[PDB]
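**Student:** Dropping a structure here in structure tokens format, bear with me for questions.
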Amino acid sequence: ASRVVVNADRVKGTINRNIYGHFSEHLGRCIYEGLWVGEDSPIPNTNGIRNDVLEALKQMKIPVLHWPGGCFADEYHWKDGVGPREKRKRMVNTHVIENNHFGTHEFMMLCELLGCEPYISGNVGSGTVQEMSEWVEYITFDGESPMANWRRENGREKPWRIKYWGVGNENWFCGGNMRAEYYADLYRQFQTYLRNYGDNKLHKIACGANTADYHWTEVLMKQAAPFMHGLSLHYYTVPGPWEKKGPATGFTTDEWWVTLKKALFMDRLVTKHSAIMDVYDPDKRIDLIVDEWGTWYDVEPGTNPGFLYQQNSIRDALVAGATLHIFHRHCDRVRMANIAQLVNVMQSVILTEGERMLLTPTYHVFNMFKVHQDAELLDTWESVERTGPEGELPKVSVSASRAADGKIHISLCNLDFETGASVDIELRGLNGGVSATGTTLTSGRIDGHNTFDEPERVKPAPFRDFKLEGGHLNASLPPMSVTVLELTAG
Amino acid sequence: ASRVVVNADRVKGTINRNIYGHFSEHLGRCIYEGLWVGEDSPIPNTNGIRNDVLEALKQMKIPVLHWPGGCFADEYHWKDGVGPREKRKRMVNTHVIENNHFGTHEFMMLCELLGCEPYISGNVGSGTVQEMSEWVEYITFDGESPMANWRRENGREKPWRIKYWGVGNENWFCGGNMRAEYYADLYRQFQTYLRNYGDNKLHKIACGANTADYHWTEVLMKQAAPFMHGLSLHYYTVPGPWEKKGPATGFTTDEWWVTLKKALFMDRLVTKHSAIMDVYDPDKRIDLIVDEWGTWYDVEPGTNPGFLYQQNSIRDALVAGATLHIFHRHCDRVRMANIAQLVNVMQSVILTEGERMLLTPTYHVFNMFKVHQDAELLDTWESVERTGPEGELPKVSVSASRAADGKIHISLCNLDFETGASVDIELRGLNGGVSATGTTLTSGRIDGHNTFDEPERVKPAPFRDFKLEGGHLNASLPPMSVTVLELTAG
Amino acid sequence: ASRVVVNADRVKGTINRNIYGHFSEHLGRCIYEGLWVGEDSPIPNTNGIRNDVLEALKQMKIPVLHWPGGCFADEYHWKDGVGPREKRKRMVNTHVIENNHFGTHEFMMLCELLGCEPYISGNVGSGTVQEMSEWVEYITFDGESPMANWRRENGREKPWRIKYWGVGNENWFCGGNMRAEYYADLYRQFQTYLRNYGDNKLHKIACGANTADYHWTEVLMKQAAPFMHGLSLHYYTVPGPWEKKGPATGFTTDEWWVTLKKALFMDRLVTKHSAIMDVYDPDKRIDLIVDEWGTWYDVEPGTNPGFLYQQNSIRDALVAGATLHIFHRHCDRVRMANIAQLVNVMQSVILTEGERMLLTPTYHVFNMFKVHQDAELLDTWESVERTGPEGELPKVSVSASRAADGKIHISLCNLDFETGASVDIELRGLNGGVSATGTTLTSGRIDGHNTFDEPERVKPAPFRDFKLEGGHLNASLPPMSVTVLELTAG
């Protein structure tokens, strides 16, 4: 029987909503089909973007989206995705086509339709200072200039706003195989020539470490911390070796425990990378951003390996659940977190196949957990039961936020697929007595997933296996189950 | 009573004329109105440049002018200021208009009208190697090429000459927030691709330290001394803290002493920066240049802070006087010095308001002192009276040059606004007996200045309060007074 | 009497053919006249390239050619040498013309006519990442893109293949006066954006040391070894000081010994540079390339110093002979070597004067030695007689390759101009008895050369001064003589 306590009055901090962010690259079918269908697609589309999806994502409360991020960011020359759609640059190989029908206007249009924040990676590695400089002009400049006038010519009269501007991505690997010390001075130079136009205020973001490249972090903070509002981190949960990762479904119990363990490791990274930052930034001015996190499996049997099409099982849901719980645990420093990717690519929330689209297990977590977005984080501590092959992992993940409305939400994940988790919770700092509802996402299968033929195999059922004897909330979480509660006073 | 001795025969060195250089940025109204009025201005203009000013500056013996220098240099893409004036690139914002009507041809035309030397900062931070490379082609290339032919097309048949080519400016701050070690390798790279065309001979100039960034100097000398003819230094006399500098007029006696003291500090910099260079350059091949010096006050009450419009009091005159006296004291290493700025910006020599223009106190100093330009510096030493709140500052600054004509000029500044300075001078290395005239610039007010309503409040009166009894020249400088003498033998 | 032994069965390794490579820069008349005459030249030309030469070079078995290499590589913007020949960029000085009639298509056409491999230096120093990136697209990309389609538009339908891609040249001197540590990160960045298109496989080459800049080598291996397939080395045999090198003909016996000794030094370099690489690359993955080697003399009396027109004496032939023998001695690590230059420039194989062209002493060596190209290197060791003013140099250079056909070739150079070299050779690992022919290149004069008036003063005479008594081959090389043999079994 796992035990928890909650101090409903002691606010530990606030869970910045952008933590529930997402990330889309010109890759597989994340941009094309997944979102951009073109205005005269048979699919129900708003201005070229498919409705079925837009609905879901507004319903999911997306706060922010990264584009074009990843490696494409340090290849994209933004001028190839503006102007008349019929004179935009075009590239094709058969071994994979980019028409750049989706470029700058279209992205901004999208972010406004959802209502989310735009987050953009300018091209460092192959790009130029003045290139990226002008991208910012083109977008946010109110006055008269070649670039601003070109924006107008292209159909957008008044300039857009944007906060988050990533200066390159992955500059250690595909972004220019740069040494840390080197990328520092480039960032310093580039960022110098990005202006706050009109009253638009930038939030510059340096490309940070990959995994446990603490060196990278160290250097960046010493050389460049003054010139940045934030710093990126990349960590992927891969089950197996690189060359043989394992599948998204039809995996062994071994692979279960692995994936979970390897995802948890996150916390170790964030912490160690935080301690580095805490030194060079005592006052924790600088954002920690995690613009690249998620599971990663061998693509589905048959699909193009580079199209990264992978399924999304109850495993993948669990993964998300504790991850967010981790970002909660480090919400003092962390302020944004973008899953890889959004659609038809890696741990996607949505997967499509023509006009048919489904929500994954993962999607339901983001929808369920959304109530934690900008909610006040509450002091707790636990006596979590052990689980796994050697009391390896903790049986239960648990978080507690108070939203503006006063109502309080508690999220929980049974890691043990094999049996339900006994939990008792004691609840302190109360005025009124309280009522309590519940929602559980869970599966019969360890690799229970939604197909286009069965889109609702795994989805939120409301949950009632819990007694609330005003002070002790006892409950029995089902196996392999994410679960949320909502409590009102009186 | 302050005492001096002069060894008229021992020449300490020669005061390179370029020390009396100036500096104009596309900023406020330094370029526009201040100089460029357009050929079709009602103002009396020669080919777009106002006469009233040109007269004054030829009268002032300008040796060299820096353009577009400052921060604009590391933003200017020179191709935006050539070609047909009506198709040159254009920007406007009200938060400031640049039509680039003033570009490359116009500047060179100007430098030739005055008769001065041109000094240009190419764009490092936002620019490209090939960009700056071609700027040099466009200008100095005699043969047939895209760039040379484009010069011709644009109206200038034969190529211009130019010596001084600054590789960027202020690359530590606005020019690309570069570390010193970094900017070194960039300079090395860029400068590699700047050629001596026809017989035009370049004089390459690396961007040096800001104030007491001795690190910057050290690094640059070790890494790049081989590849440079000269090295830049920036020092601004600011009265107060950065955020609250103080006004140009209507200031306290506190602010008087401050400004003077802070200006003197210069000598400490030059000396320490010299000793660095003396190590890495025993034979003092490399020029020290000071392309950014002057007072700096909060702009006048009402003007745009970024238009940097500041007045020009007798304080500002004194400032210049000892500064030049300092460059004299270090003329062995120093070879050029450019005041910030020329017109309608900071410690300007000239300020305009439509067709009306006035000469500042500062202007008179440069006009008065001009006789030191390329004159032979003479050995002296002094017993200068103390002044200021704690015998802080020396009462009297003093310098002595022999011009080509054999005649000898002595410049002096009473720092004490409160009383005149007694001075006696003994005079050695003489054959013939000598005569002597004199000129004094001085004010009744501590913040005596010229307005457009009173353009002649502060200006050179000839001066006769001195007895020259063949061996001893005794004299009584007025309070807050710059003063020059001219002496012929026989 | 010099003694040698040969183990015909023990293969020491294989002499990569590319070792017999050459190198042509847009310089003097190496590209223009020397090769490119224009389709409408009176000279016998194939599609603009002179026949007389082409014939010779196919006859000489050229394996690979470097272009545009040298300093022009880090100035060439490749887009200035594609498109319609009549709209290609044009530059002229009168002190000397580049019309860029020779650009990318023409080079590839050339390499295919000869049948050789193309080796290209992209522009680092003045160029851009995306520039060089696109050059690779333009050439090797099979699909649809602006650059690939532009290739097609220009007349070449399908994309070329190319292996060897030099990332800049001479980045320590004319290529951007870079520090080693700096050029490393640039290479790393640039090379990131050069792709294997279709199935074209690149063989990237970093610019290495000049002479004995072991620092450069060290650094490059530590910083960048992972990102390179090969590394360049530059060594020039200059007789005298820089400012007075000496002439190519009419030189003293002093100058003889000098030039030889200084050329030999090569071996010391290769060895020491090898030992560096052997550390950072035990498995000798990384190629050593020597893209810049040759004699260098003051140009002929009257020609433009920068046109680098220099003659080619029996001295120059000797030089080549031992050099190749050295690359043989280090063929385990060395895989390519390009003489400077090909035509009308430095130690050229061919020199022209209108339609008249001659083959130099050097040419004959490459033609004679060609039989070593991709032949299997044989174990030997010697007791070489001493020569020179202090038993300075070894009298005899000697190498031994077995070509595919089974036949075995032995190359030899008498360094002593003054007397013939007695040699005995013992021969091991034999099955059949053997027969033997021979060819000697030699001169009566120390500075014997071919003029246009006497094109055949110095050329391959077959050679028979050797007795082969089945086991011992005794022979008397003539003075200042390169010599080859070919032996069949039975």
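Lettering and numbering for the structure tokens are positional, with chains as A, B, ... in the shown order, residues counted from 1 in each chain, and ligands counted from 1 in the shown order.
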Taking only C-alpha atoms into account and nothing else, which residues of chain B lie no more than 12 Å away from chain C? Please answer as a PyMOL selection string.

**Tutor:** chain B and resi 127-134+137+141-149+181-195+197-199+222-224+226-227

**Student:** Skip residue B:58 itself and residues of its chain fewer than 6 positions away, then list as a list in words all residues within 12 Å of it, counting only C-alpha atoms.

**Tutor:**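 Contacts, with the query itself left out: residues 51, 52, 64, 110, 111, 112, 113, 114, 115, 116, 366, 367 and 370 of chain B.
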
**Student:** Take the residues from that selection and write them out as a PDB file, in the first residue's frame, keeping N, CA and C atoms.

**Tutor:**
```pdb
ATOM      1  N   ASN B  51      27.244  74.176 -47.792  1.00  0.00           N
ATOM      2  CA  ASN B  51      28.433  74.988 -47.997  1.00  0.00           C
ATOM      3  C   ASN B  51      28.898  75.562 -46.651  1.00  0.00           C
ATOM      4  N   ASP B  52      28.006  76.300 -45.984  1.00  0.00           N
ATOM      5  CA  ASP B  52      28.240  76.894 -44.649  1.00  0.00           C
ATOM      6  C   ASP B  52      29.157  76.002 -43.787  1.00  0.00           C
ATOM      7  N   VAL B  64      41.299  63.877 -41.533  1.00  0.00           N
ATOM      8  CA  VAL B  64      40.681  62.560 -41.792  1.00  0.00           C
ATOM      9  C   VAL B  64      39.294  62.497 -41.140  1.00  0.00           C
ATOM     10  N   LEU B 110      32.629  64.021 -50.585  1.00  0.00           N
ATOM     11  CA  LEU B 110      32.798  64.878 -49.424  1.00  0.00           C
ATOM     12  C   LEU B 110      34.283  64.971 -49.056  1.00  0.00           C
ATOM     13  N   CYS B 111      34.918  63.813 -48.831  1.00  0.00           N
ATOM     14  CA  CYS B 111      36.304  63.761 -48.366  1.00  0.00           C
ATOM     15  C   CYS B 111      37.221  64.548 -49.310  1.00  0.00           C
ATOM     16  N   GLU B 112      36.899  64.524 -50.606  1.00  0.00           N
ATOM     17  CA  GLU B 112      37.677  65.233 -51.601  1.00  0.00           C
ATOM     18  C   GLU B 112      37.373  66.734 -51.573  1.00  0.00           C
ATOM     19  N   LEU B 113      36.116  67.111 -51.300  1.00  0.00           N
ATOM     20  CA  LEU B 113      35.754  68.523 -51.218  1.00  0.00           C
ATOM     21  C   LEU B 113      36.535  69.197 -50.082  1.00  0.00           C
ATOM     22  N   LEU B 114      36.428  68.633 -48.877  1.00  0.00           N
ATOM     23  CA  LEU B 114      37.207  69.087 -47.732  1.00  0.00           C
ATOM     24  C   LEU B 114      38.697  69.002 -48.064  1.00  0.00           C
ATOM     25  N   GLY B 115      39.065  67.858 -48.650  1.00  0.00           N
ATOM     26  CA  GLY B 115      40.436  67.498 -48.937  1.00  0.00           C
ATOM     27  C   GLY B 115      40.988  66.515 -47.920  1.00  0.00           C
ATOM     28  N   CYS B 116      40.109  65.971 -47.072  1.00  0.00           N
ATOM     29  CA  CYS B 116      40.523  65.090 -45.986  1.00  0.00           C
ATOM     30  C   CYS B 116      40.781  63.672 -46.505  1.00  0.00           C
ATOM     31  N   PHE B 366      39.896  72.947 -32.104  1.00  0.00           N
ATOM     32  CA  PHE B 366      40.450  72.231 -33.268  1.00  0.00           C
ATOM     33  C   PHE B 366      41.024  73.205 -34.304  1.00  0.00           C
ATOM     34  N   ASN B 367      40.356  74.352 -34.462  1.00  0.00           N
ATOM     35  CA  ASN B 367      40.800  75.395 -35.354  1.00  0.00           C
ATOM     36  C   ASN B 367      42.080  76.015 -34.782  1.00  0.00           C
ATOM     37  N   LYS B 370      44.965  73.440 -34.632  1.00  0.00           N
ATOM     38  CA  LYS B 370      45.319  72.830 -35.920  1.00  0.00           C
ATOM     39  C   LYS B 370      46.821  73.022 -36.220  1.00  0.00           C
TER      40      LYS B 370
END
```

**Student:** If DSSP is run on the backbone, what residues of stretch 258-434 of chain A are alpha helix (DSSP H)? A reply as an NGL selection string would be ideal.

**Tutor:** :A and (258-264 or 266-280 or 314-329 or 361-369)

**Student:** Would you kindly return, as a PDB file with N, CA and C atoms, in the first residue's frame, each protein, DNA or RNA residue with an atom no farther than 6 Å from any atom of residue B:24, considering only C-alpha atoms and excluding same-chain residues fewer than 6 positions away?

**Tutor:**
```pdb
ATOM      1  N   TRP B  67      33.874  56.857 -41.247  1.00  0.00           N
ATOM      2  CA  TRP B  67      32.524  56.590 -41.759  1.00  0.00           C
ATOM      3  C   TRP B  67      32.367  55.118 -42.119  1.00  0.00           C
ATOM      4  N   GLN B 341      30.825  63.315 -32.039  1.00  0.00           N
ATOM      5  CA  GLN B 341      30.917  63.102 -33.472  1.00  0.00           C
ATOM      6  C   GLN B 341      31.187  64.474 -34.097  1.00  0.00           C
ATOM      7  N   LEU B 342      30.894  64.622 -35.389  1.00  0.00           N
ATOM      8  CA  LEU B 342      31.237  65.823 -36.104  1.00  0.00           C
ATOM      9  C   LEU B 342      30.099  66.845 -35.998  1.00  0.00           C
TER      10      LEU B 342
END
```

**Student:** So what do you get for atom CA of residue A:23 versus atom CA of residue A:68, distance-wise?

**Tutor:**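 So the answer is 8.0 Å.
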
**Student:** Atom CA of residue A:449 to atom CA of residue A:313: how many Å, to one decimal?

**Tutor:**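 Rounded to one decimal, the two atoms are 4.5 Å apart.
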
**Student:** Considering only C-alpha atoms, return as a PyMOL selection string whatever protein or nucleic-acid residues lie within 9 Å of stretch 406-414 of chain C, sequence-local ones (same chain, fewer than 3 positions apart) excluded.

**Tutor:** chain C and resi 8+318+321-322+325+368-369+371-372+375+394-403+417+419-421+477-489

**Student:** Restricted to C-alpha atoms, what would the selected residues look like written as a tab-separated table (two decimals), in the first residue's frame?

**Tutor:**
```tsv
chain	number	residue	atom	x	y	z
C	8	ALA	CA	59.67	-10.01	-55.26
C	318	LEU	CA	65.50	14.03	-60.73
C	321	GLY	CA	61.88	10.79	-59.34
C	322	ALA	CA	62.96	10.52	-55.69
C	325	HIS	CA	60.11	7.07	-54.58
C	368	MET	CA	58.13	6.53	-67.46
C	369	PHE	CA	57.07	5.91	-63.84
C	371	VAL	CA	53.81	1.74	-64.56
C	372	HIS	CA	53.95	2.08	-60.73
C	375	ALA	CA	51.13	-1.56	-58.82
C	394	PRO	CA	72.63	8.92	-51.34
C	395	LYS	CA	73.96	8.32	-54.88
C	396	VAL	CA	70.98	6.16	-55.95
C	397	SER	CA	67.21	6.22	-55.40
C	398	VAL	CA	65.45	2.87	-56.11
C	399	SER	CA	61.82	1.58	-56.15
C	400	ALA	CA	60.14	-1.70	-57.23
C	401	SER	CA	56.48	-2.33	-58.18
C	402	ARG	CA	54.69	-5.39	-59.58
C	403	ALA	CA	51.84	-4.34	-61.93
C	417	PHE	CA	75.55	14.43	-62.20
C	419	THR	CA	79.60	10.05	-62.69
C	420	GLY	CA	77.49	6.97	-63.39
C	421	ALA	CA	76.33	4.78	-60.51
C	477	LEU	CA	73.28	4.02	-64.46
C	478	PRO	CA	74.47	7.07	-66.46
C	479	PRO	CA	75.10	10.37	-64.58
C	480	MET	CA	72.05	12.52	-63.62
C	481	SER	CA	69.78	9.77	-64.92
C	482	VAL	CA	66.28	8.60	-64.12
C	483	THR	CA	65.92	4.98	-65.31
C	484	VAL	CA	63.18	2.31	-65.38
C	485	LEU	CA	63.18	-1.43	-66.16
C	486	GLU	CA	60.43	-3.91	-67.06
C	487	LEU	CA	60.94	-7.63	-66.42
C	488	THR	CA	58.84	-10.62	-67.53
C	489	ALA	CA	59.30	-14.16	-66.18
```
